[PDB]
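Take a look at this single chain in structure tokens; it is the form deposited in one PDB entry.
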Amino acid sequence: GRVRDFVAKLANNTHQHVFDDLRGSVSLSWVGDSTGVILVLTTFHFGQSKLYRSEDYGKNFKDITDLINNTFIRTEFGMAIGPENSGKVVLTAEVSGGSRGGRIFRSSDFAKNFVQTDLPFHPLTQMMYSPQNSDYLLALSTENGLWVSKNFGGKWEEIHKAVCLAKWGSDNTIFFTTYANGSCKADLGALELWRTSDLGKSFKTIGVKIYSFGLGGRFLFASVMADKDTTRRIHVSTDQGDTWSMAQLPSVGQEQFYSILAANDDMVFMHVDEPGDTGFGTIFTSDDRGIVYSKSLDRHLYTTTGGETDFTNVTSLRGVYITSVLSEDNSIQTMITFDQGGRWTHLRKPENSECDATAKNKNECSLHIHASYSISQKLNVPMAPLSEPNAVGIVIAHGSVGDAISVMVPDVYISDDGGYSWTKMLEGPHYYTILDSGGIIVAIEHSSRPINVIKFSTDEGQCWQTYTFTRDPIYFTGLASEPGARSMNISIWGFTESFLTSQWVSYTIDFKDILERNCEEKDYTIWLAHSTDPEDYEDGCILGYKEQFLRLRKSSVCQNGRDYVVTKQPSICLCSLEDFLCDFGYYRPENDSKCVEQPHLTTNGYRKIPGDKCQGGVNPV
């Protein structure tokens, strides 16, 4: 049925901490993993800053504002936390205009001690850490210079004087662009692309007539203006610029743009905006070389170059993505693919639901999910779809049933098999979070009035129980939990006011007495992913192979632990003509998978899809 006597267990595991300060903004950062360190930066308007630190996963805080000498901190930059468990933090201060250069506070003890240094310049962007080493930092000044440091901020040196974009690469390699005359705004389309693998000792130009560049996966993209027109194309290199090749994508005008929806180690999603202010574009998918692209989804919804898109990578299950499209009648609709872009289809309606006013036929409708685009329209959608790699097949999102995204108050839906089937979880907008690799899910109401109740479920979203965690209702502001969905601590943030006495508060609840017992070998059951028809001999193998998981049973209340790794067992299907895509100068006509040439590189005509692992069968080569 359900667990009982939970109120007593949770009574002793609730801790309240009240922050005494002026209520301005709040910025929360996690330092490292498994350390439990958190930093809170309160900024307000002269201006003042307060800095708080914890070592207890947010249960207790201490005021370390005296370590930064009570200096004001630019919140626009925020905090520059180092990679991995480096325990490095950098804060940029505000200094008088007459000063020659800026000023930073830098630590390497997980914020236990800070050291003050004066830079010889005025930073224009945020410091960037090298992925390979955390002692390397670069930044651009206000005069468009490029300064690098090999000492973690101790000493800086200038390596170029007219840069306008720089980013790190693998093996401490720096790519940047420089403008010869004027400014990168005025000199756009005539830039250069340089590289230096020695941190400023030698340079090698790897591009001319550049318009922009970007890094994704193991590819390097650069947009180059045409010789005699404003149209620009794309070039891709896998050698860090030693050799280039031209991608097989249509050119764009001056008002259009490109966009890397998602890049992988063996694949990239690309968006190409159609001419005019139509508001939609197209999605292309590449091969493992990043050269040949095939049309994937038409009328993809993309607001503008700095706009919003609903594209989402469902990380719970393999090769599943969700996005929004614009229908012929100008109604926003949602699509889902399970083949990694091979095909797209509408979401399946919940088994027991009724279509809303949007639907024309009450016996025919589908689910539609609110996302970042709906948030951009000032609607009652507090969050976006949520999924974790270590929680298998669990997806939570706000949605409404109908023939298009409705403009009424949404509900919350959950899918326990990657997105094949959905069911209604809760009524009305909520804030949700996954704890302990799917062992517990918590929900908080999203209302305009004070709330003093939290709901949790151990059946993986089937039955819920309420717990009253405070006597004085607060105005909820947001939840906080350690990244990775592997902890059992949840922090609730909010403020309570009576008469000008608003004051931040937070509550931290520990579920260690609910999941008392450790999961055994008898609490896990075998599960087959991507299953559609059990009778079929080859059922459930997507992209050439199938996998079986061991998932915790919904009727077991146990703790997975922080050292949980998902069990798995791939099995390989056979190869068919559906596992290959046409290559270069070929196309695939309608109602057949054959590749026929259009009525120096040369191939047979077929190219295996990136990620396929099929063996034997039919090899059209």
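Only the largest set of C-alpha atoms that superpose within 1.5 Å between the two forms is called the rigid core. Numbering starts at 1 and follows the sequence shown.
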| task | Could you tell me how many residues of the deposited sequence sit unmodelled between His45 and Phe46 (none, 1 to 3, 4 to 9, 10 or more)? | result | 4 to 9
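Below: the form solved in complex with a partner chain, not depicted.
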| message | Residue-level contact is defined here as any heavy atom of the residue lying within 4.5 Å of its partner chain in the deposited bound form; does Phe584 satisfy this criterion? | response | no
| Any non-hydrogen atom of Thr282 within 4.5 angstroms of its partner chain in the deposited bound form | no
| query | Counting only non-hydrogen atoms and a 4.5 angstroms cut-off, does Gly214 reach its partner chain in the deposited bound form? | reply | yes
| request: Give a yes/no on whether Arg232 approaches its partner chain to within 4.5 Å in the deposited bound form, heavy atoms considered. | output: yes
| So which stretch, 113-121, 446-454, 344-352, 256-264, is the one near its partner chain in the deposited bound form (non-hydrogen atoms, 4.5 Å)? | 256-264
| said: If the criterion is a non-hydrogen atom within 4.5 angstroms, does every one of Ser25, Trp30 and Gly306 touch its partner chain in the deposited bound form? | reply: yes
| task | May I ask you to choose, among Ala480, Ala190, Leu426, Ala93, the residue with a heavy atom within 4.5 Å of its partner chain in the deposited bound form? | result | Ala480
| Answer option from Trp504, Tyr129, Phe175, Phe511, heavy atom within 4.5 Å of its partner chain in the deposited bound form | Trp504
| task | Fix the rigid core, compare C-alpha positions between this form and the one not shown, and report which of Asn363, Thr532, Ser498, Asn151 shifts by 2 Å or more. | result | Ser498
